[PDB]
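Novice: Right, I'll just put the structure down here and ask away after.
Protein chains: 2
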Amino acid sequence: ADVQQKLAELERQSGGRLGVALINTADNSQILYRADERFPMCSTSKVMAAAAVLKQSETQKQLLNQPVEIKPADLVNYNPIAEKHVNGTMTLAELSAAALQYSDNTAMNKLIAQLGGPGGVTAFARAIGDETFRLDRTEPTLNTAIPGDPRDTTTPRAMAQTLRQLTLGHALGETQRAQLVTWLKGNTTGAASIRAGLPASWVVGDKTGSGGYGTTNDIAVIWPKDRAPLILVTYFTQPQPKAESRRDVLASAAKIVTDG
Amino acid sequence: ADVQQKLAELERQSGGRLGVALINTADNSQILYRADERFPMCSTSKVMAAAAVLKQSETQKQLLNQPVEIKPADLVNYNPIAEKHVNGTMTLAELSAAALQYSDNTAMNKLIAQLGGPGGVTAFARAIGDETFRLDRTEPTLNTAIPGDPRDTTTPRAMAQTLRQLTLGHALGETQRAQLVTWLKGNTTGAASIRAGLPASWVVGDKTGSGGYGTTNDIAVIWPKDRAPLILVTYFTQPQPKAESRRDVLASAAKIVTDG
Ligand SMILES: *C(=O)/C=C/N[C@@H](C(=O)O)C(C)(C)S(=O)O
Ligand SMILES: *C(=O)/C=C/N[C@@H](C(=O)O)C(C)(C)S(=O)O
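Okay, here's the thing in structure tokens:
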């Protein structure tokens, strides 16, 4: 509508490539912008991995309480939670929360190892009907974000659809779906991103990501004041190897698509 | 010097009044800017209330498990957590988390009432050697933030000092101190405020606030990469009752005072 002109303006003024998918669950309407292009997911991939471990825990009923050893060698680049338990252990519930709410990279690595490798995360994507998602690498190299590289990519449309099934749909058993939403709603890293663009009264759960070429991402489930929930995926990447993050672009994108 | 001039330049362009107080616990140095002027606290006052409840919990030893009834008449203007428990209950631990991490205003009112009113929160401030802090009203009117009004105000210097004692000192017992810091570290609302101004590797716990006159506040305990923690208060208020919030200003303030 004007939504398209505005998104195009934002994109041009930003110097980057912008990807947006909104699903409105009141009526299944969508707002799409480069929705079928691939973008590096970076840490927004932590959602698929934690969900995969949730799913495992539907048949391995004590899985979330299993201790996992954190060695000095497991420490990656960003480890605000793991590094407090080195030469100690963390449960798989603790690791999921640390990956999701703090973006801890060591924690993500443990989730990936539990699933048997990046392949296992991709296998779960495929099990819930996501044929686009691909995880190929561990932290921190999954975040390289090199233009033209298909590794560790998905599309806004696929990720919105998947986030809808996981958070509001039936990809997970009910307890597990509640657990994921509880973890997402407690994210500590999202206030400058999608949230920044929404009315203060609306409630949000979301997972950010960032990486190379100033890749700046957010995926969110959103409960507007007095409306059915929305799903929003805002992905953004830039042409220079060491571009600065742009969480404000995401916020601008969320304001634009939710004003209507 | 360089920083005092930069702060003045930032304030000069902001359209408002900026209060800063930084304490570097490596050497107890300070950086101060309008640090003995009063500002309205808004929700940064929630720290003092949760800390008062923690203090109570040192002698009433299951206090944090105690259920509190939430009635429809309790709901204020912003209760993302409390509203799911109307005609039900929340524990004091849950009210604490809700007020700190989500800024739930019904939650804050239950903490105030557990302390005997706004007066009891002030009494606790006084018991830990804070002679500046004053809480006068309940939510939501505590955030009116009218220029010149002394209600519900403190100074950046008083709040920096208090925050240091609560989170790194011995104002509380050790478990209570750790509980507070854990709650601050899991704040969901801070990524666009002080955090936005600091390198991504630095770990932050904080409490934001906002209100009338475009008042935009953040107070934080910061664990920089490879340095002793800092304490930072950034307060900001504006001349028009309906001004928009300016979390960007706090971010910039944070960057100026941490650059070197
Ligand atoms: C999640 O999106 C990944 C976070 N890590 C990166 C970041 O930008 O925070 C690095 C650069 C620390 S690395 O890819 O781990
Ligand atoms: C904490 O700072 C509380 C915030 N409240 C206000 C805000 O600006 O967010 C309102 C307007 C929601 S209310 O006056 O409490």
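Just so you know, the protein sequences line up as chains B and A, in that order. Residue numbers 27 to 57, 59 to 238, 240 to 288, in the entry's author numbering, belong to the letters of the first sequence in order. Residue numbers 27 to 57, 59 to 238, 240 to 288, in the entry's author numbering, belong to the letters of the second sequence in order. The C-beta atom is built at its ideal place from N, Cα and C for all residues, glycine as well.
Measuring straight from C-alpha to C-alpha, what distance separates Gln87 (chain B) and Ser273 (chain B)?
Specialist: 39 Å
Novice: Taking only the alpha-carbon atoms, compute the straight-line gap between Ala150 (chain A) and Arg164 (chain A) and give it to the nearest angstrom.
Specialist: 14 Å
Novice: Verify whether the separation of the beta carbon atoms of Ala77 (chain A) and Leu142 (chain A) is less than 8 Å.
Specialist: no
Novice: Pull up the distance between the alpha-carbon of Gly115 (chain B) and that of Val208 (chain B), whole angstroms please.
Specialist: 28 Å
Novice: Taking its Cβ as the centre, do 16 or more other Cβ atoms sit within 10 Å of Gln268 (chain B), making it buried, or is it exposed?
Specialist: exposed
Novice: Return helix, strand or coil for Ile108 (chain A), following the three-state DSSP convention.
Specialist: coil
Novice: Whose C-alpha, out of B:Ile221, B:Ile97, B:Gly156 and B:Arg153, is nearest the C-alpha of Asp233 (chain B)?
Specialist: The residue from B:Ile221, B:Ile97, B:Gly156 and B:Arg153 with its alpha-carbon nearest to that of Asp233 (chain B) is B:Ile221.
Novice: For the pair the segment 244 to 264 of chain B and the segment 211 to 225 of chain A, tell me if three or more CB-CB distances fall below 8 Å.
Specialist: no
Novice: Please classify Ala154 (chain A) as buried or exposed, where buried requires at least 16 neighbouring CB atoms within 10 angstroms.
Specialist: exposed
Novice: Leaving out the 5 sequence neighbours to the left and right, which residues in its chain are closer than 7 Å to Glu85 (chain B) when beta-carbon positions are compared?
Specialist: Apart from sequence neighbours up to five positions away, the residues of its chain that approach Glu85 (chain B) with a beta-carbon distance below 7 Å are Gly200 and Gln203, ordered along the chain.
Novice: Out of B:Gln93, B:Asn50 and B:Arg65, which has the shortest C-alpha to C-alpha gap to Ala185 (chain B)?
Specialist: B:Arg65
Novice: Taking 8 Å as the CB-CB limit, is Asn214 (chain B) close to chain A?
Specialist: yes
Novice: Could you tell me the distance, in whole angstroms, from the CA atom of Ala100 (chain B) to the CA atom of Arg255 (chain A)?
Specialist: Cα to Cα, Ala100 (chain B) sits roughly 22 Å from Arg255 (chain A).
Novice: Shorter than 7 Å, the distance from the beta carbon of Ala227 (chain A) to the closest heavy atom of ligand 1, or not?
Specialist: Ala227 (chain A): yes, Cβ under 7 Å from ligand 1.
Novice: Hey, how far is the Cα of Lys73 (chain A) from the Cα of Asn136 (chain A)?
Specialist: Taking the straight line joining both Cα atoms gives about 10 Å.
Novice: Of the choices B:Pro67, B:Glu37 and B:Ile49, whose alpha-carbon is the least far from that of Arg161 (chain B)?
Specialist: B:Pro67
Novice: Any beta-carbon of chain A closer than 8 Å to the one on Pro269 (chain B)?
Specialist: no
Novice: For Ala125 (chain A) and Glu158 (chain A), what's the separation of their Cα atoms in angstroms?
Specialist: Within the model, the alpha-carbon separation for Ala125 (chain A) versus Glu158 (chain A) is close to 27 Å.
Novice: For ligand 2, enumerate in chain order all residues having a CB closer than 6 Å to any of its heavy atoms.
Specialist: B:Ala227, A:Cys69, A:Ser70, A:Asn104, A:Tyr105, A:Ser130, A:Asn132, A:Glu166, A:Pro167, A:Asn170, A:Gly236, A:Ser237 and A:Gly238
Novice: Quick one: Cα of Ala219 (chain B) to Cα of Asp53 (chain B), how far?
Specialist: 28 Å
Novice: Taking C-beta pairs closer than 9 Å, name the residues in chain A that residue 8 (chain B) reaches, listed in chain order.
Specialist: Here chain B comprises residues numbered 27 to 288, so residue 8 (chain B) is not present and cannot be evaluated.
Novice: From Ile108 (chain A) to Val29 (chain A), what does the alpha carbon distance come to, in whole angstroms?
Specialist: 40 Å
Novice: Only counting the same chain, and skipping five residues up and downstream in sequence, which positions put a Cβ closer than 8 Å to that of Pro174 (chain A)?
Specialist: For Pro174 (chain A), where only same-chain residues beyond five positions count, the Cβ hits under 8 Å are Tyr241, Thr265 and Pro267.
Novice: So for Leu81 (chain A), helix, strand or coil by DSSP?
Specialist: Residue state, collapsed to three classes: helix.
Novice: What residue from B:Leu91, B:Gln206, B:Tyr263 and B:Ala281 has the CA that sits closest to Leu225 (chain B)'s CA?
Specialist: Ranking B:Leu91, B:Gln206, B:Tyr263 and B:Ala281 by Cα distance to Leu225 (chain B) puts B:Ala281 first.
Novice: Which value, in whole angstroms, describes the spacing of the CA atoms of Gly288 (chain B) and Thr194 (chain A)?
Specialist: 44 Å
Novice: For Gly217 (chain B), go through chain A and note every residue whose CB falls closer than 8 Å to its CB, in chain order.
Specialist: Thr215 and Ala218
Novice: Quick one: is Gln128 (chain A) buried, meaning 16 or more other Cβ sit within 10 Å of its Cβ, or exposed?
Specialist: buried
Novice: Quickly, what does DSSP pair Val261 (chain A) with across the bridge? List them, please.
Specialist: A:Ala47 and A:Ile247
Novice: How is the alpha helix (DSSP H) around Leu59 (chain A) delimited, first residue to last?
Specialist: Segment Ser55 to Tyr60 is the beta strand (DSSP E) holding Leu59 (chain A); no alpha helix (DSSP H) there.
Novice: Give the straight-line distance between the Cα atoms of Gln93 (chain B) and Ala120 (chain A), rounded to the nearest whole angstrom.
Specialist: 26 Å
Novice: Using a Cβ-Cβ cutoff of less than 8 Å, which residues in the same chain neighbour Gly42 (chain A) once the five nearest sequence positions on both sides are dropped?
Specialist: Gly242, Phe264, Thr265, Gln266, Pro267, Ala271, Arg274 and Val277
Novice: DSSP three-state label for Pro67 (chain B), please.
Specialist: The answer is strand: DSSP assigns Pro67 (chain B) an E or B state.
Novice: Is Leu102 (chain B) closer than 8 Å to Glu96 (chain B) when the C-beta atoms are compared?
Specialist: no
Novice: Answer with yes or no whether the minimum CB distance from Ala282 (chain A) to chain B is below 8 Å.
Specialist: no
Novice: So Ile97 (chain B) is in the alpha helix (DSSP H); what residue range does that whole segment cover?
Specialist: No alpha helix (DSSP H) holds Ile97 (chain B); the beta strand (DSSP E) holding it covers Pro94 to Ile97.
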